[PDB]
Amino acid sequence: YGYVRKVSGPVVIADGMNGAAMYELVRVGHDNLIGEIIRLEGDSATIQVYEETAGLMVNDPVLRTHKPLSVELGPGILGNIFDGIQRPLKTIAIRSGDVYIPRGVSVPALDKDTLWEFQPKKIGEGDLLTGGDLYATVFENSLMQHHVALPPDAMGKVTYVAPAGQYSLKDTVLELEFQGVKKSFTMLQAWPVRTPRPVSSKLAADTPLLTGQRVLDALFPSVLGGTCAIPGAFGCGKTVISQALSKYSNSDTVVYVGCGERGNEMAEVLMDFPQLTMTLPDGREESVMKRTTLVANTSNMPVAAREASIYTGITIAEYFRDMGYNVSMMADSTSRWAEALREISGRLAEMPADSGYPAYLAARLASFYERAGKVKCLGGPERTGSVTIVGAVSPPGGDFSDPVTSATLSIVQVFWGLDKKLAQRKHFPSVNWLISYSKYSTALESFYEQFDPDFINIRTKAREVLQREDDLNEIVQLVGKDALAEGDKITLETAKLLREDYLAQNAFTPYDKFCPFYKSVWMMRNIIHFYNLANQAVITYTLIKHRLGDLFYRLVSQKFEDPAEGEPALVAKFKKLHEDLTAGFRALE
Amino acid sequence: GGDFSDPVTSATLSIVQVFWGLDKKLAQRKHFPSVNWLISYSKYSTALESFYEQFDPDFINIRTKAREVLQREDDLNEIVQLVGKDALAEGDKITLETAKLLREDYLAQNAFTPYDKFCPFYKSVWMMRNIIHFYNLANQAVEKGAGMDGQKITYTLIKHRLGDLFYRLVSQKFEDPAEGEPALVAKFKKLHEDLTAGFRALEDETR
Amino acid sequence: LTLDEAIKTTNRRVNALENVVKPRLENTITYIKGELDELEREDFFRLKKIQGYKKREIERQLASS
Amino acid sequence: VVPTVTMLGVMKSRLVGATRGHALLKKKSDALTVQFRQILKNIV
Amino acid sequence: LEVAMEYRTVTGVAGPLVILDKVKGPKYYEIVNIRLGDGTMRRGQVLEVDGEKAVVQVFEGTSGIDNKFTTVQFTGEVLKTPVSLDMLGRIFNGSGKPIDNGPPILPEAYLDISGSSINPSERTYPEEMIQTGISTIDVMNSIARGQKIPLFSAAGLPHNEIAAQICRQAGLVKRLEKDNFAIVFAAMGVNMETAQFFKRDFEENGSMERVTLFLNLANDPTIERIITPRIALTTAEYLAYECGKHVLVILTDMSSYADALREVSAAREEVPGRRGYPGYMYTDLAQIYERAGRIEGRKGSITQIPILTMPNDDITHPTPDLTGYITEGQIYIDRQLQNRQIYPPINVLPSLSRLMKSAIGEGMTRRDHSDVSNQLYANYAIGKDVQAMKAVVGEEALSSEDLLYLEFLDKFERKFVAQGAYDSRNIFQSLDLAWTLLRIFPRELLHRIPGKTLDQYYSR
Amino acid sequence: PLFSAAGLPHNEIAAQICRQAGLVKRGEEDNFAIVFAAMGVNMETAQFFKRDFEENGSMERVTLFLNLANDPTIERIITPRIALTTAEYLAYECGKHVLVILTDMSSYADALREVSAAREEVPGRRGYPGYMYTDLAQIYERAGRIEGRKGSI
Amino acid sequence: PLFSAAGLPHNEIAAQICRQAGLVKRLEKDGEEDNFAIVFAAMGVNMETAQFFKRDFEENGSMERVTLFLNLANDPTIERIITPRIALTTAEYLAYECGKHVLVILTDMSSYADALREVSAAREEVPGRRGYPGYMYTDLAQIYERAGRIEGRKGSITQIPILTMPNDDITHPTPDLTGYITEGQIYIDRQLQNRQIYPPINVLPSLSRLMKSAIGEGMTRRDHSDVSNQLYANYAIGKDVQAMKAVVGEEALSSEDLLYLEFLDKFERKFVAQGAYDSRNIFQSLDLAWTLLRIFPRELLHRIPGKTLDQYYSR
């Protein structure tokens, strides 16, 4: 019930919708075009329709949905591929057979006829349960067990519990009554993208995001449930860091979110993920897709879907965190999302602000980024998850002055700063140490000292060495290495060794594909301790340089060792090398 | 006074085939025809190939050489604005001399006197050929390097001991068209012969 | 002597001239986009408001008849 | 200076030219410094 | 089976628009034919509809229309262009009506323009190279079947000559690796004189069985200039994914297309967007471009080389800056090179392809492609720097290597880039020329070249 | 005010000033009561403020008006109004001197810009409302000493 | 139109022109009809300026000749959009239908553009550049194109509408349109005023389309065009030389550069400057210009032809 009255491009006016609500999604026309309500002036409505509105007919029916832009969560959310508006691309392609996306597809987000193995918890048929209680878990696939949380805003004494067995989402797995009225819940939960997910308490982040790369792990650490920023426009560093996060990061899940980038780039990345495979610490070999969800909205996709992809991804990440899993979101191109928002604002004729973006761009970016953090779960049993966002930025020409870049730098705690200059100089990590920073180091210092009380001092010494590296750089630039003192020469040599041996990774090489934090810490110790032990001896720089050739080779090889030997063997080898270097530095003095 | 971003200007340049872009800077310097030769263009240069070939089968090459000379001079004007003509070599110096001669002789026209009231195509092409031939011969001479100096020494040699040809070149604009083509053509052919005598007589004693 | 002169010129260009020009470019960009572009939208927005008011007045007058 | 699109283009061109000239002058100064170092070594 | 009603209720004419009075159940983007009082015929498109109202934008202008003698006969359609396999080898007008003195197309299908987007799951990374015959493109800025590479130009620069050369010389590199190549050629808002140039080039090309010249003049109605690239993209999509044929598309002067969209948007009383261009221009250009790509389920592909004019000879203009993000490359035409009388004035050093690595490989093209490309890049840069230094150091103090780089720069500018307008060059002989230029330096001097390649080719 | 770009320790400076605030003493009942407005602060900054204020032991004389970035943008405009009204009541109507603190005034400016752009009002420089001077006056122009009363803001 | 900015003495030079304007033909020119019968129309003028003009006209003995239509700033704004039209109608009647040469001084045309802006805004019309009415060009054409000699009558109308750029620019719509329409442009530069030269007229931006018609051997020295075109070129090239020497140092300049700088100094000091009550005969002005030119050698005088050089290079 409801018929269109005026169709001016994307904007659509439909009469007979007195009961419509603002921002309630609606189905327009026989083709089931999907659009969101904007203005409810009079008894009429106003809808902007995402897909092309060409060919609409006046008095074509309009069908309400009684729900805002929402995502159907539950089993089967992992692995698949979804559009910006939560449209399963893979199943759409299989059903329609052809390649083109049909104008008005109506495939449900998750297949409601597929069977998943279900088994309840030890709860009783007449017990009491509340919102967020974990009443069952499901083996969606191997090694990615999926907990079934009773939806929030739903509570009451238990009435029926489905016994363990094979079931589908259409089955009524749960039924309960709060008052005399009883409600039955399936395995599918719908939640609006704009509304965040209910939380019990925002904890303080207390565990680093071990990305497997030494430069990010030690120099500029990032904590679980913490924002991150990447100036990714070239050098494939964004692809490299995304692959590292998918394969080696501590997160139990990853939710890539791609909006408004080049279509072939998304093709390349979405073909790269299935090829990516990660080995289990127990020796098993798995596929990253078994723990990966992908929301990709190319430029050809409607602008509104491009804007909504980010919120869809963050809501998916929050739902994953609802069962205490550590999940990491990855916004492919926030600049593209901002451009989509700008286009939408221009469609709405909103008053332009700085550089043309709407005045709420900073506010909306902050609202999105504020959802990341380590959070106590809702409902029992007690557990805690985390959601960390590693959303990248694409400043125009590298000038960190655009409002998107400025707001992101103002909100994001940790900025890693990939540099194209290092990429030109053949640097695999490509992380510019001169601009990167980790504002969460003060909070992470508790764990840093618990693991090793000397590690934080080593990090401070390394930061001082990096600061003096540029000083020695202009020193050599203006007068040359001749004017450098023995201590200055030792400091410069140690800085160069750190840059070319530990601060840089080798990625492609099997020995340096993954850098454990243990190996990173031992390498940092074997570098800094040797640097000091050589420093206080000032001894002729040439003499120590000649007599430390074996020590220099050991320091260089302190990163060539493969992780095959494991932590106990590599740690012992690094300790022996450090002791030998200390003996050589002290005895020869 | 307004850049090409003007909507009328952009619309015209999106359609118009030949742009005689006059520059206000040339108007300040009182260069009266005032066409800026860096920003102007003519997309008809390809269709006129037959007419240029039949009139003079070597005009295209001399025109391209003149364009290259003008572009090179405009290019190193910025460098001179920083360092100065001290580092200018023989080739650069001769290129700038030829560019200045082309700018003040060829590209100017009074139009208030019979010298420049109406320049027929033959007179213009003869001026262009004379200037380009002088440039090419001078470049070849300074590249010869005879007399153990050549180079800018040979440039000064041709600008001092051979400067009468230079003055006749810079005054060639005054060939009165009323004298008729058979007379002006003979005069320019004689000037070309005299120019060929130079840079060969100058090379006789090896500078 | 020549190196001193060249270094003085280079340092002056790096410090004074470029850092003089770049603020000028930023101010020129801000004056055009920050003001003229904003005014153009505001002028057109007020014009559209005038048109909407005229249409609403015409409709109300017709309805009152 | 008066702000205009043509003025913005002129200022951008001036900045580009200044950067190019600065690079050229830096190269010249480096060459002169190398020659001066060689002369000092020869004198020593 | 329904004969569309021919309403005669014109109740307002203004500019290009005509407002009908009491149309019963219109369609938003319907297409309507107008029979004026004098009997002449005009075709118009339907813009925003309302209660019984329908604003119609009329082609060919609206002169002579009267509110009591003009009939507006609807159709109930959305401009399904006629599409067939025999559409190749013929020149078409802006709206699709053939102008090659031939018959109208007998269609194998009526595909609606602005086709539905490709499922991103079904895309596949582009592979293999597409030979263009221009050395600067196929050596240092290689092109792969499936890219969307702009050709940024400016007013006065010979963009159309490069367009014609690409249209003629385009071919498949895989000739030596061991004919399904079609070139949908679209030209929007060309000048009146370049129309003769295009007609001549496509009337004596020698490979007419490949090209299809959709042509839209400047004085043709604007809405034709909007529809022309969409018609071309639809025909290319059909010939690629519905006929299994590799397809290349050249869009000429999409800045004119942007201006046409600007003209249409203003007529609908919409507020102008940033810098005058509508805000939806990003969506429009993304819609035009993203139709390319390689489909896993089909053996065909679409590769775009859209030619864009950058006004004021700068990239800050909204159209080039906007299309920079969507695409993955930039092949600039430099004004100074045109002044230097190098016929292809492609500034190779500024130019780059964001995914040129896919075209370079072993199976496709030749093994030494990446090495020679990088060596040429680096050596050109060095030569430019050395020329700049020689402008200020007097050139007497330059070392031997400086003179080597100077002569290499001169040779590269005057023998490699300056390809003739008709000197078709296969990639193999283009690389042979590159090696000819490279072999001047000592074998040990080419630092960027990896081992086992110098020994193979440096011996000539 | 304190002028300090993003990322600078101005929050730490504000916390140190509030915790160490006191009269010249050259009295405790009329001593400095601090009204601490917080317009558009991050959650981590909010927890830091709460913990730092609870640690100094001066909770007995400090009021926090916290408004996170999650809260609605219009609700941020009334936070300084409420904070200054409570300060006015404490100082003039009760006597004790009040040391009003508002963090991230640029967040308040952004809230004003968003609200004005919502209603499509006449824009000043940088798209800000043309009455921003008056609003910043109605916020700032309340500090001072009234003759008949011993308070001070 | 005299282009000026706020603070520059455009009113003073206008009064000087009013007091000094006269015929030149063979230096021969009662002349009551030759008396220019100045019609002065002031729009939006500070009362001090009106008092100044009144006193100057009274003192110069022209009180029986001049005519003043005043629209002071405190006076209603709308009357400023009628005052110049009234003045031009009165000038037309005094010249064409009465045979008197007439001179008109419209003052502060920007104060007329402001009235146009106020009227257009009060009507909710579509704005143009900077919010000015889209038809400002038509109004400016209507207000300027009402001057010029007419074949059938012995009269004439010559107007000097002074203009005030808002921020001392030219891209502003009003000075831009005035430059488009009017056949001339006299530029008064802030740089000259800062250097304390009473006539700050920058001779390089200046332009007169009908300059080639007024001059000539029949009414001026034969070298006038040459002299002007050479001084302009030397001043422009010398300014470029000074700009170059500002960065390369006074030492790096050549002999020609030093000659150009000396020419600039003596041109801006001895030539441009003139007394606030002292005129200069056109032949005296040409003599001064020739003294300025003769700094350079005969070779450097490229624009001047040898025929005029022989009669003037020595004198």
# chains A, B, ... in the order shown; residues from 1 in each chain; ligands from 1

call {"tool": "residues_around", "arguments": {"residues": "residue B:175", "least_positions_apart": "3", "cutoff": "12 Å", "atoms": "only C-alpha atoms", "output": "NGL selection string"}}
result
:B and (105 or 113-120 or 122-124 or 126-127 or 168-172 or 178-181 or 183-188 or 191)

call {"tool": "write_last_selection", "arguments": {"atoms": "N, CA and C atoms", "output": "PDB file, in the first residue's frame"}}
result
ATOM      1  N   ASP B 105      62.684  41.011 -35.280  1.00  0.00           N
ATOM      2  CA  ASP B 105      62.545  41.125 -36.728  1.00  0.00           C
ATOM      3  C   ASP B 105      61.287  40.436 -37.244  1.00  0.00           C
ATOM      4  N   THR B 113      53.368  51.398 -41.643  1.00  0.00           N
ATOM      5  CA  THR B 113      54.386  51.761 -42.611  1.00  0.00           C
ATOM      6  C   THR B 113      54.405  50.715 -43.713  1.00  0.00           C
ATOM      7  N   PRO B 114      54.816  51.088 -44.928  1.00  0.00           N
ATOM      8  CA  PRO B 114      54.876  50.102 -46.020  1.00  0.00           C
ATOM      9  C   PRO B 114      55.816  48.937 -45.758  1.00  0.00           C
ATOM     10  N   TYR B 115      56.759  49.062 -44.822  1.00  0.00           N
ATOM     11  CA  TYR B 115      57.605  47.924 -44.481  1.00  0.00           C
ATOM     12  C   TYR B 115      56.782  46.771 -43.921  1.00  0.00           C
ATOM     13  N   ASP B 116      55.832  47.071 -43.034  1.00  0.00           N
ATOM     14  CA  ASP B 116      55.071  46.036 -42.350  1.00  0.00           C
ATOM     15  C   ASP B 116      53.564  46.195 -42.510  1.00  0.00           C
ATOM     16  N   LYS B 117      53.103  47.017 -43.457  1.00  0.00           N
ATOM     17  CA  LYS B 117      51.665  47.159 -43.664  1.00  0.00           C
ATOM     18  C   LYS B 117      51.042  45.846 -44.113  1.00  0.00           C
ATOM     19  N   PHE B 118      51.722  45.124 -45.002  1.00  0.00           N
ATOM     20  CA  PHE B 118      51.213  43.856 -45.513  1.00  0.00           C
ATOM     21  C   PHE B 118      52.404  43.037 -45.984  1.00  0.00           C
ATOM     22  N   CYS B 119      52.691  41.943 -45.282  1.00  0.00           N
ATOM     23  CA  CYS B 119      53.823  41.099 -45.623  1.00  0.00           C
ATOM     24  C   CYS B 119      53.334  39.898 -46.413  1.00  0.00           C
ATOM     25  N   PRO B 120      53.677  39.774 -47.691  1.00  0.00           N
ATOM     26  CA  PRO B 120      53.264  38.593 -48.452  1.00  0.00           C
ATOM     27  C   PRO B 120      53.951  37.340 -47.937  1.00  0.00           C
ATOM     28  N   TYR B 122      55.692  35.026 -49.479  1.00  0.00           N
ATOM     29  CA  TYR B 122      57.054  34.800 -49.942  1.00  0.00           C
ATOM     30  C   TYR B 122      58.076  35.562 -49.110  1.00  0.00           C
ATOM     31  N   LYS B 123      57.805  36.828 -48.796  1.00  0.00           N
ATOM     32  CA  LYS B 123      58.739  37.594 -47.980  1.00  0.00           C
ATOM     33  C   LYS B 123      58.884  36.988 -46.590  1.00  0.00           C
ATOM     34  N   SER B 124      57.770  36.571 -45.984  1.00  0.00           N
ATOM     35  CA  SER B 124      57.828  35.985 -44.649  1.00  0.00           C
ATOM     36  C   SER B 124      58.606  34.676 -44.648  1.00  0.00           C
ATOM     37  N   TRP B 126      60.861  33.791 -46.741  1.00  0.00           N
ATOM     38  CA  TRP B 126      62.269  34.079 -46.984  1.00  0.00           C
ATOM     39  C   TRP B 126      62.957  34.581 -45.723  1.00  0.00           C
ATOM     40  N   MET B 127      62.288  35.438 -44.947  1.00  0.00           N
ATOM     41  CA  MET B 127      62.865  35.842 -43.667  1.00  0.00           C
ATOM     42  C   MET B 127      63.094  34.636 -42.767  1.00  0.00           C
ATOM     43  N   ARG B 168      72.148  43.091 -41.511  1.00  0.00           N
ATOM     44  CA  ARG B 168      71.281  42.957 -42.677  1.00  0.00           C
ATOM     45  C   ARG B 168      70.132  41.995 -42.394  1.00  0.00           C
ATOM     46  N   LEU B 169      70.389  40.938 -41.624  1.00  0.00           N
ATOM     47  CA  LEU B 169      69.315  40.032 -41.235  1.00  0.00           C
ATOM     48  C   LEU B 169      68.270  40.750 -40.393  1.00  0.00           C
ATOM     49  N   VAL B 170      68.710  41.532 -39.406  1.00  0.00           N
ATOM     50  CA  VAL B 170      67.751  42.208 -38.536  1.00  0.00           C
ATOM     51  C   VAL B 170      67.055  43.364 -39.248  1.00  0.00           C
ATOM     52  N   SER B 171      67.616  43.859 -40.349  1.00  0.00           N
ATOM     53  CA  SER B 171      66.973  44.905 -41.134  1.00  0.00           C
ATOM     54  C   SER B 171      66.218  44.365 -42.342  1.00  0.00           C
ATOM     55  N   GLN B 172      66.254  43.049 -42.573  1.00  0.00           N
ATOM     56  CA  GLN B 172      65.546  42.462 -43.705  1.00  0.00           C
ATOM     57  C   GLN B 172      64.049  42.727 -43.669  1.00  0.00           C
ATOM     58  N   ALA B 178      56.479  46.824 -52.270  1.00  0.00           N
ATOM     59  CA  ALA B 178      56.155  47.496 -53.521  1.00  0.00           C
ATOM     60  C   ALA B 178      57.193  47.229 -54.600  1.00  0.00           C
ATOM     61  N   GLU B 179      58.417  46.863 -54.218  1.00  0.00           N
ATOM     62  CA  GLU B 179      59.450  46.557 -55.199  1.00  0.00           C
ATOM     63  C   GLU B 179      59.122  45.316 -56.019  1.00  0.00           C
ATOM     64  N   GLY B 180      58.192  44.488 -55.559  1.00  0.00           N
ATOM     65  CA  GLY B 180      57.792  43.306 -56.292  1.00  0.00           C
ATOM     66  C   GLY B 180      58.555  42.064 -55.864  1.00  0.00           C
ATOM     67  N   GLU B 181      57.903  40.916 -56.052  1.00  0.00           N
ATOM     68  CA  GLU B 181      58.530  39.644 -55.710  1.00  0.00           C
ATOM     69  C   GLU B 181      59.826  39.371 -56.466  1.00  0.00           C
ATOM     70  N   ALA B 183      62.156  41.244 -57.279  1.00  0.00           N
ATOM     71  CA  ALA B 183      63.241  42.035 -56.713  1.00  0.00           C
ATOM     72  C   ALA B 183      63.568  41.617 -55.282  1.00  0.00           C
ATOM     73  N   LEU B 184      62.545  41.481 -54.439  1.00  0.00           N
ATOM     74  CA  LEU B 184      62.778  41.083 -53.056  1.00  0.00           C
ATOM     75  C   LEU B 184      63.332  39.667 -52.973  1.00  0.00           C
ATOM     76  N   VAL B 185      62.858  38.772 -53.843  1.00  0.00           N
ATOM     77  CA  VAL B 185      63.376  37.411 -53.863  1.00  0.00           C
ATOM     78  C   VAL B 185      64.854  37.412 -54.225  1.00  0.00           C
ATOM     79  N   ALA B 186      65.238  38.217 -55.216  1.00  0.00           N
ATOM     80  CA  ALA B 186      66.650  38.321 -55.575  1.00  0.00           C
ATOM     81  C   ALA B 186      67.470  38.890 -54.426  1.00  0.00           C
ATOM     82  N   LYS B 187      66.951  39.920 -53.752  1.00  0.00           N
ATOM     83  CA  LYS B 187      67.676  40.503 -52.627  1.00  0.00           C
ATOM     84  C   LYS B 187      67.875  39.484 -51.513  1.00  0.00           C
ATOM     85  N   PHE B 188      66.831  38.719 -51.193  1.00  0.00           N
ATOM     86  CA  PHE B 188      66.950  37.723 -50.136  1.00  0.00           C
ATOM     87  C   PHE B 188      67.848  36.566 -50.550  1.00  0.00           C
ATOM     88  N   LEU B 191      71.267  37.831 -49.987  1.00  0.00           N
ATOM     89  CA  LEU B 191      71.582  37.824 -48.562  1.00  0.00           C
ATOM     90  C   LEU B 191      71.870  36.407 -48.078  1.00  0.00           C
TER      91      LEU B 191
END

call {"tool": "closest_atom_pairs", "arguments": {"of": "chain C", "to": "chain B", "cutoff": "12 Å", "atoms": "only C-alpha atoms", "output": "tab-separated table"}}
result
residue	atom	partner	partner_atom	distance
C:5	CA	B:83	CA	11.8
C:6	CA	B:83	CA	9.8
C:9	CA	B:82	CA	9.8
C:10	CA	B:82	CA	10.6
C:13	CA	B:82	CA	10.8

call {"tool": "closest_atom_pairs", "arguments": {"of": "chain E", "to": "chain D", "cutoff": "10 Å", "atoms": "only C-alpha atoms", "output": "JSON lines"}}
result
{"residue": "E:312", "atom": "CA", "partner": "D:9", "partner_atom": "CA", "distance": 9.0}
{"residue": "E:314", "atom": "CA", "partner": "D:9", "partner_atom": "CA", "distance": 9.1}
{"residue": "E:385", "atom": "CA", "partner": "D:24", "partner_atom": "CA", "distance": 9.1}
{"residue": "E:388", "atom": "CA", "partner": "D:24", "partner_atom": "CA", "distance": 7.2}
{"residue": "E:389", "atom": "CA", "partner": "D:24", "partner_atom": "CA", "distance": 6.9}
{"residue": "E:390", "atom": "CA", "partner": "D:28", "partner_atom": "CA", "distance": 9.9}
{"residue": "E:391", "atom": "CA", "partner": "D:24", "partner_atom": "CA", "distance": 9.2}
{"residue": "E:392", "atom": "CA", "partner": "D:28", "partner_atom": "CA", "distance": 7.1}
{"residue": "E:393", "atom": "CA", "partner": "D:28", "partner_atom": "CA", "distance": 6.9}
{"residue": "E:397", "atom": "CA", "partner": "D:31", "partner_atom": "CA", "distance": 9.5}

call {"tool": "interface_residues", "arguments": {"of": "chain D", "to": "chain B", "cutoff": "8 Å", "atoms": "only C-alpha atoms", "output": "CSV table (one decimal) with C-alpha atoms, in the first residue's frame"}}
result
chain,number,residue,atom,x,y,z
D,5,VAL,CA,41.7,32.2,-10.1
D,6,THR,CA,44.4,33.7,-12.4
D,17,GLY,CA,59.6,27.8,-10.5
D,21,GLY,CA,65.4,27.1,-9.1

call {"tool": "residues_around", "arguments": {"residues": "residue A:99", "least_positions_apart": "5", "cutoff": "10 Å", "atoms": "only C-alpha atoms", "output": "PyMOL selection string"}}
result
(chain A and resi 89+92-94) or (chain E and resi 116-123+241+295-298)

call {"tool": "write_last_selection", "arguments": {"atoms": "C-alpha atoms", "output": "PDB file, in the first residue's frame"}}
result
ATOM      1  CA  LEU A  89      26.938 -11.332  -3.930  1.00  0.00           C
ATOM      2  CA  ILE A  92      22.969 -13.747  -6.006  1.00  0.00           C
ATOM      3  CA  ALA A  93      25.435 -14.730  -8.729  1.00  0.00           C
ATOM      4  CA  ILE A  94      24.656 -18.430  -8.263  1.00  0.00           C
TER       5      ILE A  94
ATOM      6  CA  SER E 116      23.316  -3.243 -14.556  1.00  0.00           C
ATOM      7  CA  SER E 117      26.642  -3.391 -12.758  1.00  0.00           C
ATOM      8  CA  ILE E 118      28.974  -6.380 -12.640  1.00  0.00           C
ATOM      9  CA  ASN E 119      28.917  -8.422  -9.450  1.00  0.00           C
ATOM     10  CA  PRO E 120      32.275  -7.685  -7.760  1.00  0.00           C
ATOM     11  CA  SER E 121      32.499 -11.367  -6.849  1.00  0.00           C
ATOM     12  CA  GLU E 122      32.503 -12.219 -10.567  1.00  0.00           C
ATOM     13  CA  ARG E 123      35.350  -9.899 -11.571  1.00  0.00           C
ATOM     14  CA  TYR E 241      30.362 -10.419 -22.650  1.00  0.00           C
ATOM     15  CA  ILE E 295      34.547 -11.305 -16.072  1.00  0.00           C
ATOM     16  CA  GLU E 296      35.486 -14.774 -14.833  1.00  0.00           C
ATOM     17  CA  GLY E 297      32.600 -16.528 -16.571  1.00  0.00           C
ATOM     18  CA  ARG E 298      33.194 -14.865 -19.947  1.00  0.00           C
TER      19      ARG E 298
END

call {"tool": "residues_around", "arguments": {"residues": "stretch 33-35 of chain C", "least_positions_apart": "5", "cutoff": "9 Å", "atoms": "only C-alpha atoms", "output": "VMD selection string"}}
result
(chain A and resid 353 to 356) or (chain C and resid 28 40) or (chain E and resid 275) or (chain F and resid 124 to 127)

call {"tool": "interface_residues", "arguments": {"of": "chain C", "to": "chain F", "cutoff": "12 Å", "atoms": "only C-alpha atoms", "output": "list in words"}}
result
residues 30, 31, 32, 33, 34, 35, 36, 37, 38, 39, 40, 41, 42, 43, 45, 46 and 49 of chain C

call {"tool": "interface_residues", "arguments": {"of": "chain F", "to": "chain A", "cutoff": "6 Å", "atoms": "only C-alpha atoms", "output": "PyMOL selection string"}}
result
chain F and resi 70+114+117+127

call {"tool": "write_last_selection", "arguments": {"atoms": "C-alpha atoms", "output": "PDB file, in the first residue's frame"}}
result
ATOM      1  CA  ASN F  70      28.676   9.698  21.118  1.00  0.00           C
ATOM      2  CA  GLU F 114      26.382  21.567  12.321  1.00  0.00           C
ATOM      3  CA  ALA F 117      23.942  24.150   8.580  1.00  0.00           C
ATOM      4  CA  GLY F 127      30.899  28.198   6.769  1.00  0.00           C
TER       5      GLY F 127
END

call {"tool": "residues_around", "arguments": {"residues": "stretch 32-47 of chain F", "least_positions_apart": "4", "cutoff": "8 Å", "atoms": "only C-alpha atoms", "output": "PyMOL selection string"}}
result
(chain A and resi 204+370+411) or (chain F and resi 18+21-23+51+61-69+76+79-80+83-84+86-87+96-105+107-108)

call {"tool": "closest_atom_pairs", "arguments": {"of": "chain G", "to": "chain C", "cutoff": "12 Å", "atoms": "only C-alpha atoms", "output": "JSON lines"}}
result
{"residue": "G:121", "atom": "CA", "partner": "C:43", "partner_atom": "CA", "distance": 10.6}
{"residue": "G:123", "atom": "CA", "partner": "C:50", "partner_atom": "CA", "distance": 10.9}
{"residue": "G:124", "atom": "CA", "partner": "C:47", "partner_atom": "CA", "distance": 7.5}
{"residue": "G:125", "atom": "CA", "partner": "C:47", "partner_atom": "CA", "distance": 8.1}
{"residue": "G:126", "atom": "CA", "partner": "C:47", "partner_atom": "CA", "distance": 7.2}
{"residue": "G:127", "atom": "CA", "partner": "C:43", "partner_atom": "CA", "distance": 7.5}
{"residue": "G:128", "atom": "CA", "partner": "C:40", "partner_atom": "CA", "distance": 9.5}
{"residue": "G:129", "atom": "CA", "partner": "C:40", "partner_atom": "CA", "distance": 9.2}
{"residue": "G:130", "atom": "CA", "partner": "C:36", "partner_atom": "CA", "distance": 7.7}
{"residue": "G:131", "atom": "CA", "partner": "C:43", "partner_atom": "CA", "distance": 7.9}
{"residue": "G:132", "atom": "CA", "partner": "C:43", "partner_atom": "CA", "distance": 11.3}
{"residue": "G:247", "atom": "CA", "partner": "C:9", "partner_atom": "CA", "distance": 8.6}
{"residue": "G:248", "atom": "CA", "partner": "C:9", "partner_atom": "CA", "distance": 8.9}
{"residue": "G:249", "atom": "CA", "partner": "C:9", "partner_atom": "CA", "distance": 10.5}

call {"tool": "select_by_dssp", "arguments": {"residues": "chain F", "states": "helix (DSSP H, G or I)", "output": "ChimeraX atom specification"}}
result
/F:10-19,43-55,58-61,74-76,78-92,105-119,125-127,132-140

call {"tool": "residues_around", "arguments": {"residues": "stretch 251-261 of chain A", "least_positions_apart": "6", "cutoff": "8 Å", "atoms": "only C-alpha atoms", "output": "PyMOL selection string"}}
result
(chain A and resi 84+209+245+291-301+306-307+309-310+313+316-317+320+325-334+336-337+340) or (chain E and resi 325-326)
